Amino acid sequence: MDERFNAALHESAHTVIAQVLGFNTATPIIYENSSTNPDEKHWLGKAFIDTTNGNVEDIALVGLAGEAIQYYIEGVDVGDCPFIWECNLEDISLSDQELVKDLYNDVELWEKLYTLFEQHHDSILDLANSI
């Protein structure tokens, strides 16, 4: 459940940031991985977010949000998030990388994301507690 709640926070951060930026969403889901491969996560998640229309930087904020909520909770400095993201790329999903591309280097987006977390972490927790 310790790892399950982190899978929950991840999808909830994606979802709430998307909502704050005006993107349509449906409630995300959390489910157990049946794989016996030690290199895979045991708890998986899926988000349902319309990123078809949106601007590149807003989509990147949604893409960053999943891993970012942990950086925020753990106290990583905004200016250090680009390095931290790059170091963890092998463990960041390809779909998040597709939404972000190289905008993880943008310290102003990280500053913005942290500000949104500051203002909406309660909504993030409420959603995570419900999935």
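One-based numbering along the sequence shown.
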* Select between 36-44 and 83-91 the stretch whose C-alpha atoms have the higher average B-factor in the entry. => 36-44
* Mean C-alpha B factor from the entry: is it higher for 73-81 or for 55-63? -> 73-81
* **CA B-factor ranking of residue 118, expressed as a third of its chain** => middle
* **CA B-factor placement of residue 131, once the chain's modelled residues are sorted into thirds** => middle
* **residue 8 by Cα B-factor - lowest, middle or highest third of the modelled chain** => middle
* Structure fact -> Entry-reported C-alpha B-factor of residue 1 relative to its chain, by third, is highest
